[PDB]
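What follows is a single structure, written as structure tokens, with notes after it.
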Amino acid sequence: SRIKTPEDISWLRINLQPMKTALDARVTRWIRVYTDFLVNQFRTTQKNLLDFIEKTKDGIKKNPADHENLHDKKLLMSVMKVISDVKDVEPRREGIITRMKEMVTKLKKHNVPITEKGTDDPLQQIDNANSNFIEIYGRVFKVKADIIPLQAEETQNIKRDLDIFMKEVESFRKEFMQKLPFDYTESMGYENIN
């Protein structure tokens, strides 16, 4: 823009406006390529973690009823889920939220502020998702406190399984060694091998 108006040489008249416009457009393409992806990444990871705390609460709501199958994990629409491991995955999302908030602060320098001024959104979509996240983390914690206690018994079950199966493995390995070097019926060459 600061590039001078069409300057004419002494010999003939001259203009630069098409080049000026095309360079403006080129750097505008640069700006667009930079902006779109950053808005997308920050907003998507925020909506992701919001929904993640949602489904966390919903999962913590299922098991509190004491049953033998609920002593184990849960199975729903091809997804497998323990209570304790989810009590653990909750702080992981809580931790990603902070880096995401810094990223949204950076995004609050191009496009979240274009929203704040242009469309007059009093609350941006990311910050709305963030407030909802706070509420749902609270509710998650409330249901989380009740079913903190979990599968000591099932860990013991795993151990017992490993034991029994190793013992039968050992007996079968002894039989493996017995029948391993052709100590069986040997009538002919193909027979003893087969």
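Identifiers in this document derive from the order of the structure tokens: chains are assigned A, B, ..., residues are numbered from 1 separately in each chain, and ligands are numbered from 1 in order of occurrence.
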
Where does DSSP see helix (DSSP H, G or I) in range 44-111 of chain A, if you list the residues as a ChimeraX atom specification?
/A:44-60,68-71,84-107,111

Counting only C-alpha atoms, which residues of range 56-172 of chain A fall within 12 Å of range 22-34 of chain A, and what is the closest atom pair for each with its distance in Å at one decimal, ordered by chain and rising number, as JSON lines?
```
{"residue": "A:107", "atom": "CA", "partner": "A:34", "partner_atom": "CA", "distance": 11.1}
{"residue": "A:110", "atom": "CA", "partner": "A:31", "partner_atom": "CA", "distance": 10.1}
{"residue": "A:111", "atom": "CA", "partner": "A:32", "partner_atom": "CA", "distance": 10.9}
```

Backbone-only DSSP, strand (DSSP E or B) members of range 66-176 of chain A, as an MDAnalysis selection string
chainID A and resid 74:76 79:81

Just write the chosen residues, C-alpha atoms, as a short mmCIF file (atom, residue, chain, number, x, y, z; two decimals), in the first residue's frame.
```cif
data_model
loop_
_atom_site.label_atom_id
_atom_site.label_comp_id
_atom_site.auth_asym_id
_atom_site.auth_seq_id
_atom_site.Cartn_x
_atom_site.Cartn_y
_atom_site.Cartn_z
CA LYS A 74 -18.42 -51.39 30.83
CA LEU A 75 -19.09 -52.20 27.18
CA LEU A 76 -21.15 -49.86 24.98
CA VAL A 79 -16.20 -48.99 23.33
CA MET A 80 -14.56 -50.47 26.44
CA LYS A 81 -14.20 -48.43 29.60
#
```

Where does range 67-166 of chain A meet range 38-44 of chain A within 7 Å, residue by residue, with the nearest atom pair and distance in Å to one decimal for each, counting only C-alpha atoms, listed by chain and rising number, as CSV?
```
residue,atom,partner,partner_atom,distance
A:100,CA,A:42,CA,6.6
A:103,CA,A:42,CA,6.3
A:104,CA,A:42,CA,6.1
A:107,CA,A:39,CA,6.5
A:126,CA,A:43,CA,5.8
```

Keeping only N, CA, C and O atoms, write the selected residues to a file as a tab-separated table (two decimals), in the first residue's frame.
```tsv
chain	number	residue	atom	x	y	z
A	100	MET	N	-4.56	-25.51	25.59
A	100	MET	CA	-5.59	-25.10	24.65
A	100	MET	C	-6.04	-23.67	24.91
A	100	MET	O	-6.33	-22.93	23.98
A	103	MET	N	-3.51	-21.47	23.49
A	103	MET	CA	-3.72	-21.46	22.04
A	103	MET	C	-4.90	-20.57	21.66
A	103	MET	O	-4.86	-19.87	20.64
A	104	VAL	N	-5.96	-20.59	22.47
A	104	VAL	CA	-7.14	-19.78	22.20
A	104	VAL	C	-6.86	-18.31	22.50
A	104	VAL	O	-7.47	-17.42	21.90
A	107	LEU	N	-5.24	-17.39	19.31
A	107	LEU	CA	-6.32	-17.25	18.34
A	107	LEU	C	-7.17	-16.01	18.61
A	107	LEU	O	-7.80	-15.49	17.69
A	126	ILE	N	-15.59	-20.81	21.48
A	126	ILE	CA	-14.56	-21.51	22.24
A	126	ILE	C	-14.74	-21.26	23.74
A	126	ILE	O	-14.68	-22.18	24.55
```

Would you mind listing what lies within 9 Å of residue 90 in chain A as number ranges by chain, with only C-alpha atoms counted and same-chain residues fewer than 5 positions away left out?
A: 52-53, 56, 85, 95, 137, 140-141

Hey, can you spit out that residue selection with N, CA and C atoms as a PDB file, in the first residue's frame?
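Below is the file that was written, part_39.pdb:
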```
ATOM      1  N   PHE A  52     -15.533 -34.603  25.704  1.00  0.00           N
ATOM      2  CA  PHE A  52     -14.849 -35.662  26.434  1.00  0.00           C
ATOM      3  C   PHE A  52     -15.279 -35.680  27.892  1.00  0.00           C
ATOM      4  N   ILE A  53     -15.359 -34.506  28.521  1.00  0.00           N
ATOM      5  CA  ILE A  53     -15.835 -34.459  29.903  1.00  0.00           C
ATOM      6  C   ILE A  53     -17.313 -34.832  29.975  1.00  0.00           C
ATOM      7  N   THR A  56     -17.367 -38.529  29.842  1.00  0.00           N
ATOM      8  CA  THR A  56     -16.804 -38.987  31.107  1.00  0.00           C
ATOM      9  C   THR A  56     -17.870 -39.030  32.192  1.00  0.00           C
ATOM     10  N   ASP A  85      -9.669 -46.007  35.263  1.00  0.00           N
ATOM     11  CA  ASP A  85      -8.905 -45.443  34.152  1.00  0.00           C
ATOM     12  C   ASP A  85      -9.563 -44.175  33.622  1.00  0.00           C
ATOM     13  N   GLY A  95      -5.668 -31.168  31.840  1.00  0.00           N
ATOM     14  CA  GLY A  95      -4.350 -30.620  31.568  1.00  0.00           C
ATOM     15  C   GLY A  95      -4.214 -30.083  30.156  1.00  0.00           C
ATOM     16  N   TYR A 137     -16.830 -30.667  34.315  1.00  0.00           N
ATOM     17  CA  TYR A 137     -15.786 -31.231  35.166  1.00  0.00           C
ATOM     18  C   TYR A 137     -16.245 -31.285  36.615  1.00  0.00           C
ATOM     19  N   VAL A 140     -18.619 -34.241  36.804  1.00  0.00           N
ATOM     20  CA  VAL A 140     -17.773 -35.422  36.695  1.00  0.00           C
ATOM     21  C   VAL A 140     -17.155 -35.750  38.037  1.00  0.00           C
ATOM     22  N   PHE A 141     -16.564 -34.750  38.695  1.00  0.00           N
ATOM     23  CA  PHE A 141     -15.946 -34.989  39.993  1.00  0.00           C
ATOM     24  C   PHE A 141     -16.962 -35.512  40.995  1.00  0.00           C
TER      25      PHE A 141
END
```

Taking a cut-off of 8 Å and counting only C-alpha atoms, can you build a table that, for each residue of range 20-119 of chain A near range 144-161 of chain A, reports the nearest atom pair and how far apart they are in Å (one decimal), sorted by chain then residue number, as JSON lines?
```
{"residue": "A:57", "atom": "CA", "partner": "A:144", "partner_atom": "CA", "distance": 7.9}
{"residue": "A:60", "atom": "CA", "partner": "A:144", "partner_atom": "CA", "distance": 6.3}
{"residue": "A:63", "atom": "CA", "partner": "A:147", "partner_atom": "CA", "distance": 7.7}
{"residue": "A:64", "atom": "CA", "partner": "A:147", "partner_atom": "CA", "distance": 6.1}
{"residue": "A:71", "atom": "CA", "partner": "A:151", "partner_atom": "CA", "distance": 6.5}
{"residue": "A:72", "atom": "CA", "partner": "A:151", "partner_atom": "CA", "distance": 6.9}
{"residue": "A:83", "atom": "CA", "partner": "A:147", "partner_atom": "CA", "distance": 7.2}
{"residue": "A:84", "atom": "CA", "partner": "A:148", "partner_atom": "CA", "distance": 6.5}
{"residue": "A:87", "atom": "CA", "partner": "A:144", "partner_atom": "CA", "distance": 6.6}
```

Length of the CA of residue 61 in chain A to CA of residue 135 in chain A vector [Å]
15.7 Å

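Our summary of the geometry notes that CA of residue 179 in chain A is positioned 10.9 Å from CA of residue 193 in chain A.
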
Report, in Å with one decimal, the straight-line distance from CA of residue 97 in chain A to CA of residue 125 in chain A.
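CA of residue 97 in chain A sits 15.0 Å away from CA of residue 125 in chain A.
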
Residues near residue 54 in chain A, cut-off 10 Å, only C-alpha atoms, skip fewer than 4 positions along chain, as a PyMOL selection string
chain A and resi 48-50+58-59+132-133+135-137+139-140

Write the residues of the selection above to a file with N, CA and C atoms, as a short mmCIF file (atom, residue, chain, number, x, y, z; two decimals), in the first residue's frame.
```cif
data_model
loop_
_atom_site.label_atom_id
_atom_site.label_comp_id
_atom_site.auth_asym_id
_atom_site.auth_seq_id
_atom_site.Cartn_x
_atom_site.Cartn_y
_atom_site.Cartn_z
N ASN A 48 -13.66 -30.84 21.41
CA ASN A 48 -13.31 -32.21 21.75
C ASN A 48 -13.27 -32.41 23.25
N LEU A 49 -12.49 -31.59 23.96
CA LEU A 49 -12.34 -31.84 25.39
C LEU A 49 -13.64 -31.58 26.14
N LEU A 50 -14.45 -30.63 25.66
CA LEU A 50 -15.78 -30.44 26.23
C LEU A 50 -16.59 -31.73 26.14
N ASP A 58 -21.10 -39.09 31.82
CA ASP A 58 -22.12 -40.07 31.47
C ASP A 58 -21.65 -41.49 31.79
N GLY A 59 -20.37 -41.78 31.59
CA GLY A 59 -19.85 -43.09 31.92
C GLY A 59 -19.76 -43.33 33.42
N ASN A 132 -18.81 -24.41 29.68
CA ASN A 132 -19.49 -25.69 29.77
C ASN A 132 -18.54 -26.78 30.28
N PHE A 133 -17.29 -26.75 29.81
CA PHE A 133 -16.28 -27.69 30.28
C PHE A 133 -16.12 -27.61 31.79
N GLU A 135 -18.25 -26.53 34.10
CA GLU A 135 -19.42 -27.11 34.76
C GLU A 135 -19.38 -28.63 34.74
N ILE A 136 -19.04 -29.20 33.58
CA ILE A 136 -19.12 -30.65 33.44
C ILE A 136 -17.98 -31.33 34.18
N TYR A 137 -16.83 -30.67 34.32
CA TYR A 137 -15.79 -31.23 35.17
C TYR A 137 -16.24 -31.29 36.61
N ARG A 139 -19.40 -31.69 37.69
CA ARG A 139 -20.33 -32.82 37.81
C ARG A 139 -19.60 -34.16 37.71
N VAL A 140 -18.62 -34.24 36.80
CA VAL A 140 -17.77 -35.42 36.69
C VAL A 140 -17.16 -35.75 38.04
#
```
